[PDB]
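Read the single chain below, which is given as structure tokens and is the form deposited in one PDB entry.
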């Protein structure tokens, strides 16, 4: 009921986890292949990675050491979830756990790298200054360093 069984460690809430990996789930409705459901969960998990990066970036921008002069709004940061998501490369599905109770399936993924050029192009598309694109890309690039 309110207590599950045979639950992998990664499924537990961990305050100290890699920003480059995330977990999310999907519900198995009736007429639906298990393949599709895992596809979804895996995708949502990958979006969760993108979101973690964006958050780290807000903090960087808010930081006292920030050099980016352009005004970046919270809405704009939400917008870059997409180009960031689009630049993710080598995202490995490290695990899957199906909640037998409510038939909810969870996915655990981890992005190993990201396409720099792909990311810059996406940022230039949302009207971010060249200075900002440059610094933002440098930051993400650092993220994958403090992970690799």
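Numbering follows the first chain given and starts at 1. Rigid core here is just the name for the largest C-alpha set that superposes within 1.5 Å across the two forms.
- Checked against the record, the higher mean CA B factor of 104-112 and 60-68 lies with 104-112.
- If you average the C-alpha B-factors over 21-29 and over 132-140, the higher value belongs to 21-29.
- In the PDB entry, the Cα temperature factor peaks, among 53, 47, 98, 123, at 98.
- Per-chain ranking of the deposited C-alpha B factor places residue 119 in the lowest third.
The same protein also has a form deposited in another entry, omitted here; what follows describes it.
- Residue displacement note: residue 90 has its CA displaced by under 2 Å between this form and the one not shown (rigid core superposed).
- Core-superposed comparison between this form and the one not shown: the Cα of residue 70 travels less than 2 Å.
- In the core-superposed comparison between this form and the one not shown, residue 112 has its Cα shifted by less than 2 Å.
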